[PDB]
Amino acid sequence: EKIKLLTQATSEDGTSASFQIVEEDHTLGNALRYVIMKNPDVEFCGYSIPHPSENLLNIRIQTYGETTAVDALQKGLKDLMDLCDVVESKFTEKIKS
Amino acid sequence: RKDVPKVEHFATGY
Amino acid sequence: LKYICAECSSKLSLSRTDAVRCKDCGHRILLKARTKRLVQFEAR
Amino acid sequence: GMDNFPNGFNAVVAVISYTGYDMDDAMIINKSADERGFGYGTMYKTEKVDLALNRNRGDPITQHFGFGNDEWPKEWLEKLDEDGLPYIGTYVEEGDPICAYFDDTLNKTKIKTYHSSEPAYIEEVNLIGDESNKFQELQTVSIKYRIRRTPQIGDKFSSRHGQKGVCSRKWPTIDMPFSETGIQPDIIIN
Amino acid sequence: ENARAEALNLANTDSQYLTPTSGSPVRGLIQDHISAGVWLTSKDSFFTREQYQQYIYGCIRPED
Amino acid sequence: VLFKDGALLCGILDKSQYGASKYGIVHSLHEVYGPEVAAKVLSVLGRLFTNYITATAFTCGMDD
Amino acid sequence: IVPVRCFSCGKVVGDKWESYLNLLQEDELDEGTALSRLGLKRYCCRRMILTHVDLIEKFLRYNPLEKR
Amino acid sequence: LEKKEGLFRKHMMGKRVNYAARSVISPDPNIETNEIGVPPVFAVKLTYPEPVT
Amino acid sequence: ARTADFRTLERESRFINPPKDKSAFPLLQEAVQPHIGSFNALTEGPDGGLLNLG
Amino acid sequence: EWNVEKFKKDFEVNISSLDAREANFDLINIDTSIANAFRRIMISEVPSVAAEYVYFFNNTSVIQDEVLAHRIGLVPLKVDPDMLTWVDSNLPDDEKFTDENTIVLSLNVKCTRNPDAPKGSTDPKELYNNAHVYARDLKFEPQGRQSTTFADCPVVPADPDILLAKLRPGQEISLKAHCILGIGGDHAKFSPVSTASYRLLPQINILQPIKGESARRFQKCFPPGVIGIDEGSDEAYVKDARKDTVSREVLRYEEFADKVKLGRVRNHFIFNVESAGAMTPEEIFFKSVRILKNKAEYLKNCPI
Ligand SMILES: [Zn+2]
Ligand SMILES: [Zn+2]
């Protein structure tokens, strides 16, 4: 589907893994990298693009242990969801004024 | 020689 | 019906004969005319 | 009076090494700016079609334009659809029936193929008459092909200073760098 | 497959990093990357944890 | 430049160091680890300077 | 053949060609003030109205369907 | 069997070939140095006879 | 004032209404002049151009 | 320990010049990553409607069919995107289009000279009727439920004054368009925003006490609404940072080179969103943020 994990570069314990995303670009990648790196648990986080012509995004997460990189992913997206949700309420109020 | 004669931009939201 | 004169610019028709002869001009050059035909396209 | 024959366009160029897809002489066009129609030169090509090339003076040819009373293949009326010639407005693909002539030598009609590379549109089909009083059946036709040349990658653009280069890649507008005023440059040179 | 092996092992570009004319190399980055290296490796460059990790991952991509 | 145990410590990269020049860092890396590792290093440098130059572009102007 | 959409920015300028002509001719002005009153601020927009050869007038009078 | 256009230097010391192509080059740093950029038009065109194991 | 000018009004007027008198920008005429002058002097000369003399 | 609550507490908005056509709101205490993500989503991803799949019944005008089709496609409509549905694109053409997934436009203009023309007149309107073809000539002949739904929403161009083509006597044009939803990235014709850029709030760090007429000439370098003069002590000072474009004109003068560093704050984005007539800038901005939220939610929900 849209998201997949790379068993080639995964770790045995799952504390380090890399994910590939379809139909994405810097737009989602930079924001998601920021949000994930906000989490102090993860050790290494970053996004990569195979080739600009292809609409593929590759994201790699290496935690400091005790947390599955998959969990660190869904933790980031939920924070991202709230992050793009607070602005709506904050922006809506300023419209009322 | 006579020099070339002379001729006798807002931020966003302004 | 078609085949504008391109000299006097008058629509006409052919009869397998004297395609040169523009009845008003006689000019030996004739020019075809676009008709009502569907032409699909892409706006890109 | 050169203004009566203008050519080229003013482009918002940026002397910047940003994408990295241009080191020697390549250049990058803004993809949206292309989609706006940044440069849309077109090719007009005409060729002469006739059947008197083998005809001699005193021997009228058994073959002439049109087609009928035969078992000619159907679907030719897709674009080869009229008593004499194809429609002006049509999208000729490769091998499409350019023109049909009924032949009595074979007692059946034969057609002329496209025999080209790029699919094109018919721009103008005109009827040419013999200079002499050779009324006959007008076995001489000239048609014009319209070819749309949208600028793809590798198409040589240039300035007025010999800084010729090729279109490296249609860089997407969002990924294109922007300025304080919000303008996104269309032409990038290294 | 014989020609495949010849190209991949004898005619491949990596095997030809040098030139028999004088033994000097012929392959490398040219102008944009040279300027980028000059600017990046200068002492006036500093990168936070985010920038450093992002550059390293984008440059490496170990999954490949 | 002064490498030491696979670590840059002084100087900056250049055309002489990497690109097409003799006795460069990439040349020595070839000499040590074979041609394959040198080719991978050149590819990685090309990727890095491309990503880096996008972050901070390089440009020449009339002021220069 | 007035460019309908701004090439670089994207501000619609096709409608503004006739208005620019009227503002230039009927009222005595200069091009800068004419574009200002027309409502163009960035030169990415100002191009397609400051410089546009109207090759439809010269290119159009060669009509084939009307007697000369 | 002639001076410079002879059968040797035209059909024996050089020949036209199958499964070949020619085009222009667009630089692309985003590819590995030991790799080449093959458009999809070539991909459906050039084929390789490979046995089924 | 200005060193150059677009002359948009002149260009549009000329496009709409081609001149019925001497054409504008005469320099083009006296840029193709040599060929026209040669071909005219071939017949438009003091005595049968040059063809009659030849 | 950065957190959602900390971000909410620190984040604030300042709408400056909201308008039915243009917006100039500010973003404060947010990261360039999210700011640029919003910019890109607004420019590309925000859906809109524009004409494509144009069908020509007849054309003889000087302008070519391809050029005319592209020109028509590059038109801003008025219908809101949230009234139409996407097309599967893998269907037969008859099934490819319905009432609620596309709209239909017709032009069918004919031009002929009007005999009543003043002598010595060059105006095409007087010389011939239908001399020019405008956007408003485009109709929106509906189908099925569209008649009921668009009763208060007549599909009209966002700019009916644009010049599609010019005609002549004996010159006729007849076509038929099919506008669908766009995704922007597919083609710039689907761009609900003319431009959705942003600029970081300029920062001016005055070090020396700038006083006297030398302060006045320092006032001159910047735009007029930026620098202020302290009447209390004849001191130059910053009055409004947003009023300044990044000009660096002071850097040219040697006296002020050491007296000020032209910095720039890193968490103050001066958004500036123009728009076509399809939607208002506030509406498209809300669409963009909701699109980002939907992207995140879909990415979370899709398993690996
Ligand atoms: Zn006639
Ligand atoms: Zn613009």
# chains A, B, ... in the order shown; residues from 1 in each chain; ligands from 1
$ interface_residues --of "chain F" --to "chain H" --cutoff "8 Å" --atoms "only C-alpha atoms" --output "JSON, numbers by chain"
{"F": [39, 40, 42, 43, 46, 47, 50]}
$ write_last_selection --atoms "N, CA and C atoms" --output "PDB file, in the first residue's frame"
ATOM      1  N   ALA F  39      34.311   4.396  -6.132  1.00  0.00           N
ATOM      2  CA  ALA F  39      33.144   4.776  -6.917  1.00  0.00           C
ATOM      3  C   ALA F  39      31.957   5.075  -6.017  1.00  0.00           C
ATOM      4  N   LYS F  40      31.742   4.242  -4.999  1.00  0.00           N
ATOM      5  CA  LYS F  40      30.646   4.500  -4.072  1.00  0.00           C
ATOM      6  C   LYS F  40      30.861   5.805  -3.319  1.00  0.00           C
ATOM      7  N   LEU F  42      32.491   8.455  -4.474  1.00  0.00           N
ATOM      8  CA  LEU F  42      32.185   9.537  -5.405  1.00  0.00           C
ATOM      9  C   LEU F  42      30.683   9.725  -5.552  1.00  0.00           C
ATOM     10  N   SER F  43      29.939   8.624  -5.654  1.00  0.00           N
ATOM     11  CA  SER F  43      28.486   8.726  -5.737  1.00  0.00           C
ATOM     12  C   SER F  43      27.908   9.374  -4.486  1.00  0.00           C
ATOM     13  N   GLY F  46      28.597  13.085  -4.534  1.00  0.00           N
ATOM     14  CA  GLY F  46      27.690  13.738  -5.459  1.00  0.00           C
ATOM     15  C   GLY F  46      26.302  13.904  -4.877  1.00  0.00           C
ATOM     16  N   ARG F  47      25.795  12.865  -4.213  1.00  0.00           N
ATOM     17  CA  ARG F  47      24.491  12.982  -3.570  1.00  0.00           C
ATOM     18  C   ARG F  47      24.516  14.020  -2.457  1.00  0.00           C
ATOM     19  N   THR F  50      24.747  17.662  -3.685  1.00  0.00           N
ATOM     20  CA  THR F  50      23.477  18.029  -4.297  1.00  0.00           C
ATOM     21  C   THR F  50      22.452  18.401  -3.237  1.00  0.00           C
TER      22      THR F  50
END
$ residues_around --residues "residue 11 of chain B" --least-positions-apart "5" --cutoff "8 Å" --atoms "only C-alpha atoms" --output "NGL selection string"
(:D and (181)) or (:J and (242-245))
$ closest_atom_pairs --of "chain D" --to "ligand 2" --cutoff "10 Å" --atoms "only C-alpha atoms and all ligand atoms" --output "tab-separated table"
residue	atom	partner	partner_atom_place_in_ligand_line	distance
D:181	CA	ligand 2	1 (Zn)	9.8
D:182	CA	ligand 2	1 (Zn)	8.6
D:183	CA	ligand 2	1 (Zn)	6.7
D:184	CA	ligand 2	1 (Zn)	8.9
$ residues_near_ligand --ligand "ligand 1" --cutoff "6 Å" --atoms "only C-alpha atoms and all ligand atoms" --output "list in words"
residues 5, 7, 8, 9, 10, 22, 24 and 25 of chain C
$ residues_around --residues "segment 10-13 of chain G" --least-positions-apart "2" --cutoff "9 Å" --atoms "only C-alpha atoms" --output "MDAnalysis selection string"
(chainID D and resid 32:33 36) or (chainID G and resid 2:8 15:17 40 44:45 48:49) or (chainID J and resid 75:76 159 162 188 191 193:195 274:276)
$ write_last_selection --atoms "N, CA, C and O atoms" --output "compact mmCIF listing (two decimals), in the first residue's frame"
# COMPACT_ATOMS: atom_id res chain seq x y z
N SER D 32 5.45 24.55 -13.94
CA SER D 32 4.21 25.30 -14.09
C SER D 32 4.33 26.33 -15.20
O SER D 32 3.43 26.46 -16.03
N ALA D 33 5.44 27.07 -15.24
CA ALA D 33 5.63 28.07 -16.28
C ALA D 33 5.50 27.45 -17.66
O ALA D 33 4.94 28.06 -18.58
N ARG D 36 1.85 26.90 -18.11
CA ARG D 36 1.23 28.16 -18.52
C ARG D 36 1.43 28.43 -20.00
O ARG D 36 0.80 29.35 -20.54
N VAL G 2 -3.06 37.38 -26.00
CA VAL G 2 -2.61 37.87 -24.69
C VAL G 2 -2.47 36.68 -23.75
O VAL G 2 -3.42 35.90 -23.61
N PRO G 3 -1.33 36.51 -23.09
CA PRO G 3 -1.18 35.37 -22.17
C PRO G 3 -2.24 35.38 -21.09
O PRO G 3 -2.30 36.32 -20.29
N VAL G 4 -3.09 34.36 -21.06
CA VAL G 4 -4.22 34.37 -20.13
C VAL G 4 -3.74 34.37 -18.69
O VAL G 4 -4.21 35.16 -17.87
N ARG G 5 -2.78 33.52 -18.37
CA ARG G 5 -2.28 33.37 -17.01
C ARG G 5 -0.82 33.80 -16.95
O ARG G 5 -0.06 33.56 -17.89
N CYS G 6 -0.45 34.44 -15.85
CA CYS G 6 0.94 34.85 -15.66
C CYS G 6 1.85 33.63 -15.65
O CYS G 6 1.58 32.64 -14.97
N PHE G 7 2.93 33.70 -16.44
CA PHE G 7 3.82 32.55 -16.57
C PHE G 7 4.45 32.19 -15.25
O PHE G 7 4.38 31.04 -14.80
N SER G 8 5.08 33.16 -14.59
CA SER G 8 5.81 32.88 -13.37
C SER G 8 4.87 32.79 -12.18
O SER G 8 4.75 31.74 -11.54
N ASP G 15 -7.67 39.30 -19.13
CA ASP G 15 -8.71 40.32 -19.15
C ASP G 15 -8.14 41.72 -19.22
O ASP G 15 -8.84 42.64 -19.68
N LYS G 16 -6.91 41.92 -18.78
CA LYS G 16 -6.40 43.26 -18.55
C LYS G 16 -5.75 43.89 -19.77
O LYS G 16 -5.35 45.05 -19.70
N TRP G 17 -5.66 43.18 -20.89
CA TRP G 17 -5.02 43.75 -22.07
C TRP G 17 -5.82 44.92 -22.63
O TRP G 17 -5.26 46.00 -22.90
N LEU G 40 -1.05 45.68 -11.02
CA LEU G 40 0.05 44.73 -11.12
C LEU G 40 1.24 45.26 -10.34
O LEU G 40 1.70 46.37 -10.60
N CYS G 44 6.88 39.76 -12.42
CA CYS G 44 6.45 38.50 -13.01
C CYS G 44 5.09 38.64 -13.67
O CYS G 44 4.82 38.01 -14.69
N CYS G 45 4.23 39.47 -13.09
CA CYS G 45 2.97 39.80 -13.76
C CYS G 45 3.16 40.92 -14.77
O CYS G 45 2.59 40.88 -15.86
N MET G 48 3.92 40.29 -18.95
CA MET G 48 2.97 39.91 -19.99
C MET G 48 1.99 41.02 -20.34
O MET G 48 1.06 40.76 -21.11
N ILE G 49 2.15 42.23 -19.82
CA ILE G 49 1.30 43.32 -20.24
C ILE G 49 2.17 44.49 -20.69
O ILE G 49 1.76 45.29 -21.54
N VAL J 75 -8.46 28.75 -17.40
CA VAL J 75 -9.46 29.72 -16.97
C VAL J 75 -9.86 29.45 -15.52
O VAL J 75 -9.99 28.28 -15.12
N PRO J 76 -10.02 30.47 -14.70
CA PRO J 76 -10.51 30.25 -13.34
C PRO J 76 -12.03 30.20 -13.29
O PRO J 76 -12.68 31.15 -13.73
N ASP J 159 -13.26 35.22 -13.89
CA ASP J 159 -12.90 36.46 -14.57
C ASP J 159 -13.53 36.43 -15.96
O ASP J 159 -12.92 35.96 -16.92
N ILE J 162 -11.79 38.04 -19.60
CA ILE J 162 -10.59 37.61 -20.30
C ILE J 162 -10.91 37.36 -21.77
O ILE J 162 -12.05 37.04 -22.14
N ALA J 188 -0.66 23.14 -13.71
CA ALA J 188 -0.83 24.44 -13.07
C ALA J 188 -2.20 25.04 -13.33
O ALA J 188 -2.58 25.99 -12.65
N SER J 191 -4.65 25.42 -10.18
CA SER J 191 -3.99 26.14 -9.09
C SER J 191 -4.98 27.10 -8.46
O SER J 191 -5.19 28.21 -8.99
N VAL J 193 -4.52 28.95 -6.10
CA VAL J 193 -3.77 30.08 -5.58
C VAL J 193 -2.91 30.64 -6.70
O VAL J 193 -2.21 29.89 -7.38
N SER J 194 -2.98 31.95 -6.90
CA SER J 194 -2.01 32.60 -7.77
C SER J 194 -0.61 32.48 -7.18
O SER J 194 0.35 32.20 -7.90
N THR J 195 -0.49 32.68 -5.87
CA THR J 195 0.77 32.49 -5.17
C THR J 195 0.52 32.45 -3.67
O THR J 195 -0.24 33.27 -3.15
N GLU J 274 -2.75 35.27 -2.34
CA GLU J 274 -3.72 35.68 -3.34
C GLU J 274 -4.58 34.47 -3.71
O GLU J 274 -4.37 33.36 -3.22
N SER J 275 -5.55 34.67 -4.59
CA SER J 275 -6.39 33.54 -4.99
C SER J 275 -7.10 33.86 -6.29
O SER J 275 -7.23 35.02 -6.69
N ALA J 276 -7.56 32.80 -6.95
CA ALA J 276 -8.55 32.93 -8.00
C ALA J 276 -9.93 33.05 -7.37
O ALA J 276 -10.11 32.87 -6.16
$ select_by_dssp --residues "chain G" --states "helix (DSSP H, G or I)" --output "VMD selection string"
chain G and resid 16 to 25 31 to 38 43 to 50 57 to 60
$ atom_distance --atom1 "atom CA of residue 9 of chain E" --atom2 "atom CA of residue 21 of chain E"
21.0 Å
$ select_by_dssp --residues "segment 35-280 of chain J" --states "strand (DSSP E)" --output "PyMOL selection string"
chain J and resi 48-59+103-106+109-113+128-129+132-134+163-166+171-182+198-206+227-230+235-238+260-271
$ closest_atom_pairs --of "chain G" --to "chain I" --cutoff "12 Å" --atoms "only C-alpha atoms" --output "JSON lines"
{"residue": "G:17", "atom": "CA", "partner": "I:8", "partner_atom": "CA", "distance": 11.7}
{"residue": "G:18", "atom": "CA", "partner": "I:12", "partner_atom": "CA", "distance": 11.7}
{"residue": "G:20", "atom": "CA", "partner": "I:8", "partner_atom": "CA", "distance": 10.6}
{"residue": "G:21", "atom": "CA", "partner": "I:9", "partner_atom": "CA", "distance": 8.0}
{"residue": "G:22", "atom": "CA", "partner": "I:9", "partner_atom": "CA", "distance": 10.3}
{"residue": "G:23", "atom": "CA", "partner": "I:9", "partner_atom": "CA", "distance": 11.3}
{"residue": "G:24", "atom": "CA", "partner": "I:9", "partner_atom": "CA", "distance": 8.0}
{"residue": "G:25", "atom": "CA", "partner": "I:9", "partner_atom": "CA", "distance": 7.2}
{"residue": "G:26", "atom": "CA", "partner": "I:9", "partner_atom": "CA", "distance": 10.9}
{"residue": "G:28", "atom": "CA", "partner": "I:9", "partner_atom": "CA", "distance": 11.7}
{"residue": "G:30", "atom": "CA", "partner": "I:5", "partner_atom": "CA", "distance": 10.5}
{"residue": "G:31", "atom": "CA", "partner": "I:6", "partner_atom": "CA", "distance": 9.3}
{"residue": "G:49", "atom": "CA", "partner": "I:8", "partner_atom": "CA", "distance": 10.5}
{"residue": "G:50", "atom": "CA", "partner": "I:6", "partner_atom": "CA", "distance": 8.4}
{"residue": "G:51", "atom": "CA", "partner": "I:6", "partner_atom": "CA", "distance": 7.8}
{"residue": "G:52", "atom": "CA", "partner": "I:8", "partner_atom": "CA", "distance": 8.8}
{"residue": "G:53", "atom": "CA", "partner": "I:11", "partner_atom": "CA", "distance": 8.1}
{"residue": "G:54", "atom": "CA", "partner": "I:12", "partner_atom": "CA", "distance": 7.1}
{"residue": "G:55", "atom": "CA", "partner": "I:15", "partner_atom": "CA", "distance": 7.8}
{"residue": "G:56", "atom": "CA", "partner": "I:15", "partner_atom": "CA", "distance": 8.4}
{"residue": "G:57", "atom": "CA", "partner": "I:15", "partner_atom": "CA", "distance": 5.4}
{"residue": "G:58", "atom": "CA", "partner": "I:15", "partner_atom": "CA", "distance": 4.7}
{"residue": "G:59", "atom": "CA", "partner": "I:15", "partner_atom": "CA", "distance": 8.4}
{"residue": "G:60", "atom": "CA", "partner": "I:16", "partner_atom": "CA", "distance": 9.3}
{"residue": "G:61", "atom": "CA", "partner": "I:16", "partner_atom": "CA", "distance": 8.3}
{"residue": "G:62", "atom": "CA", "partner": "I:16", "partner_atom": "CA", "distance": 11.8}
$ write_last_selection --atoms "N, CA, C and O atoms" --output "tab-separated table (two decimals), in the first residue's frame"
chain	number	residue	atom	x	y	z
G	17	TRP	N	-5.66	43.18	-20.89
G	17	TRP	CA	-5.02	43.75	-22.07
G	17	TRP	C	-5.82	44.92	-22.63
G	17	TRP	O	-5.26	46.00	-22.90
G	18	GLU	N	-7.12	44.73	-22.83
G	18	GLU	CA	-7.96	45.80	-23.34
G	18	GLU	C	-7.99	46.98	-22.38
G	18	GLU	O	-7.94	48.14	-22.80
G	20	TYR	N	-5.63	47.83	-20.31
G	20	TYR	CA	-4.34	48.50	-20.43
G	20	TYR	C	-4.31	49.39	-21.66
G	20	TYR	O	-3.83	50.53	-21.59
G	21	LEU	N	-4.82	48.90	-22.78
G	21	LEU	CA	-4.84	49.71	-23.99
G	21	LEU	C	-5.67	50.97	-23.79
G	21	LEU	O	-5.26	52.07	-24.17
G	22	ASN	N	-6.85	50.82	-23.19
G	22	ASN	CA	-7.71	51.98	-22.96
G	22	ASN	C	-7.05	52.97	-22.02
G	22	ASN	O	-7.06	54.18	-22.28
G	23	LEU	N	-6.46	52.48	-20.93
G	23	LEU	CA	-5.82	53.38	-19.98
G	23	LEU	C	-4.62	54.08	-20.59
G	23	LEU	O	-4.30	55.21	-20.21
G	24	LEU	N	-3.94	53.43	-21.53
G	24	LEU	CA	-2.80	54.06	-22.18
G	24	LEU	C	-3.25	55.11	-23.19
G	24	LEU	O	-2.65	56.19	-23.27
G	25	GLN	N	-4.30	54.82	-23.95
G	25	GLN	CA	-4.66	55.67	-25.08
G	25	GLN	C	-5.65	56.76	-24.68
G	25	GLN	O	-5.38	57.95	-24.87
G	26	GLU	N	-6.80	56.37	-24.13
G	26	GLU	CA	-7.85	57.33	-23.83
G	26	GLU	C	-7.37	58.38	-22.83
G	26	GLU	O	-7.61	59.57	-23.00
G	28	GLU	N	-4.06	60.08	-20.87
G	28	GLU	CA	-2.63	60.27	-21.08
G	28	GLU	C	-1.89	59.86	-19.82
G	28	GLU	O	-2.02	60.51	-18.78
G	30	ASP	N	1.68	57.00	-18.47
G	30	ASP	CA	2.84	56.22	-18.87
G	30	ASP	C	2.61	54.77	-18.46
G	30	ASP	O	1.67	54.45	-17.73
G	31	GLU	N	3.49	53.89	-18.94
G	31	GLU	CA	3.28	52.46	-18.75
G	31	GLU	C	3.32	52.07	-17.28
G	31	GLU	O	2.54	51.23	-16.83
G	49	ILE	N	2.15	42.23	-19.82
G	49	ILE	CA	1.30	43.32	-20.24
G	49	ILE	C	2.17	44.49	-20.69
G	49	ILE	O	1.76	45.29	-21.54
G	50	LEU	N	3.38	44.59	-20.15
G	50	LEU	CA	4.27	45.63	-20.65
G	50	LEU	C	4.82	45.27	-22.02
G	50	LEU	O	4.95	46.14	-22.89
G	51	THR	N	5.14	44.00	-22.23
G	51	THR	CA	5.68	43.54	-23.51
G	51	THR	C	4.81	42.39	-24.01
G	51	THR	O	4.92	41.26	-23.52
G	52	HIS	N	3.95	42.68	-24.97
G	52	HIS	CA	3.18	41.63	-25.64
G	52	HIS	C	2.83	42.13	-27.03
G	52	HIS	O	1.95	42.98	-27.18
G	53	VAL	N	3.53	41.61	-28.04
G	53	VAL	CA	3.21	41.98	-29.41
G	53	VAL	C	1.89	41.35	-29.79
G	53	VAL	O	1.74	40.12	-29.76
G	54	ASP	N	0.92	42.18	-30.15
G	54	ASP	CA	-0.43	41.70	-30.45
G	54	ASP	C	-0.47	41.19	-31.89
G	54	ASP	O	-1.08	41.78	-32.78
G	55	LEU	N	0.19	40.06	-32.10
G	55	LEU	CA	0.23	39.45	-33.42
G	55	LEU	C	-1.07	38.71	-33.70
G	55	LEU	O	-1.05	37.51	-34.00
G	56	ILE	N	-2.19	39.40	-33.58
G	56	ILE	CA	-3.46	38.86	-34.02
G	56	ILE	C	-4.09	39.87	-34.96
G	56	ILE	O	-4.85	39.51	-35.86
G	57	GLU	N	-3.75	41.14	-34.78
G	57	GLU	CA	-4.24	42.16	-35.70
G	57	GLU	C	-3.59	42.00	-37.06
G	57	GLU	O	-4.27	41.81	-38.08
G	58	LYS	N	-2.26	42.06	-37.10
G	58	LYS	CA	-1.55	41.82	-38.36
G	58	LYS	C	-1.79	40.41	-38.85
G	58	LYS	O	-2.01	40.18	-40.05
G	59	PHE	N	-1.78	39.44	-37.94
G	59	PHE	CA	-1.91	38.03	-38.29
G	59	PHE	C	-3.33	37.65	-38.69
G	59	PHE	O	-3.53	36.53	-39.18
G	60	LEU	N	-4.30	38.53	-38.50
G	60	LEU	CA	-5.70	38.18	-38.67
G	60	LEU	C	-6.33	38.71	-39.95
G	60	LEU	O	-7.23	38.07	-40.48
G	61	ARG	N	-5.86	39.84	-40.46
G	61	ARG	CA	-6.51	40.44	-41.62
G	61	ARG	C	-6.34	39.62	-42.88
G	61	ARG	O	-7.02	39.90	-43.88
G	62	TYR	N	-5.48	38.60	-42.88
G	62	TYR	CA	-5.40	37.69	-44.01
G	62	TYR	C	-6.50	36.65	-43.93
G	62	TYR	O	-6.23	35.45	-43.95
$ interface_residues --of "chain B" --to "chain I" --cutoff "9 Å" --atoms "only C-alpha atoms" --output "PDB file with N, CA, C and O atoms, in the first residue's frame"
ATOM      1  N   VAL B   4      24.558  58.920 -20.422  1.00  0.00           N
ATOM      2  CA  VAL B   4      23.188  58.487 -20.712  1.00  0.00           C
ATOM      3  C   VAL B   4      22.230  59.230 -19.791  1.00  0.00           C
ATOM      4  O   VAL B   4      22.427  59.225 -18.560  1.00  0.00           O
ATOM      5  N   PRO B   5      21.203  59.892 -20.315  1.00  0.00           N
ATOM      6  CA  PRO B   5      20.293  60.641 -19.445  1.00  0.00           C
ATOM      7  C   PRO B   5      19.534  59.715 -18.511  1.00  0.00           C
ATOM      8  O   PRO B   5      19.188  58.586 -18.862  1.00  0.00           O
ATOM      9  N   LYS B   6      19.271  60.211 -17.306  1.00  0.00           N
ATOM     10  CA  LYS B   6      18.541  59.441 -16.316  1.00  0.00           C
ATOM     11  C   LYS B   6      17.046  59.471 -16.619  1.00  0.00           C
ATOM     12  O   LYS B   6      16.595  60.027 -17.623  1.00  0.00           O
ATOM     13  N   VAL B   7      16.266  58.858 -15.736  1.00  0.00           N
ATOM     14  CA  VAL B   7      14.814  58.829 -15.845  1.00  0.00           C
ATOM     15  C   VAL B   7      14.235  59.505 -14.612  1.00  0.00           C
ATOM     16  O   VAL B   7      14.562  59.129 -13.481  1.00  0.00           O
ATOM     17  N   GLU B   8      13.381  60.498 -14.831  1.00  0.00           N
ATOM     18  CA  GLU B   8      12.796  61.271 -13.742  1.00  0.00           C
ATOM     19  C   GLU B   8      11.787  60.461 -12.932  1.00  0.00           C
ATOM     20  O   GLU B   8      11.636  59.256 -13.127  1.00  0.00           O
TER      21      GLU B   8
END
$ interface_residues --of "chain D" --to "chain C" --cutoff "8 Å" --atoms "only C-alpha atoms" --output "number ranges by chain"
D: 35, 87-90, 124-131, 135-138
$ closest_residue --among "J:6, J:35, J:117, J:252" --to "chain F" --atoms "only C-alpha atoms"
J:252
$ residues_around --residues "segment 77-82 of chain A" --least-positions-apart "5" --cutoff "7 Å" --atoms "only C-alpha atoms" --output "count of residues only"
5
$ closest_atom_pairs --of "chain D" --to "chain A" --cutoff "10 Å" --atoms "only C-alpha atoms" --output "CSV"
residue,atom,partner,partner_atom,distance
D:169,CA,A:53,CA,9.6
D:171,CA,A:52,CA,9.4
D:172,CA,A:52,CA,9.8
D:174,CA,A:27,CA,9.1
D:175,CA,A:26,CA,8.3
$ residues_around --residues "residue 42 of chain H" --least-positions-apart "2" --cutoff "12 Å" --atoms "only C-alpha atoms" --output "PDB file with C-alpha atoms, in the first residue's frame"
ATOM      1  CA  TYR H  19      19.277  -4.358 -29.804  1.00  0.00           C
ATOM      2  CA  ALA H  20      20.924  -0.940 -29.794  1.00  0.00           C
ATOM      3  CA  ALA H  21      19.725   2.614 -29.300  1.00  0.00           C
ATOM      4  CA  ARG H  22      20.890   6.214 -29.502  1.00  0.00           C
ATOM      5  CA  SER H  23      19.649   9.418 -27.874  1.00  0.00           C
ATOM      6  CA  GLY H  37      19.020   6.509 -17.192  1.00  0.00           C
ATOM      7  CA  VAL H  38      16.792   4.302 -19.349  1.00  0.00           C
ATOM      8  CA  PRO H  39      13.485   5.870 -20.449  1.00  0.00           C
ATOM      9  CA  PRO H  40      10.455   3.556 -20.293  1.00  0.00           C
ATOM     10  CA  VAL H  44       9.353  -1.902 -23.600  1.00  0.00           C
ATOM     11  CA  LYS H  45      11.526  -1.848 -26.737  1.00  0.00           C
ATOM     12  CA  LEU H  46      14.861  -3.472 -25.874  1.00  0.00           C
ATOM     13  CA  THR H  47      14.401  -7.102 -24.866  1.00  0.00           C
TER      14      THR H  47
END
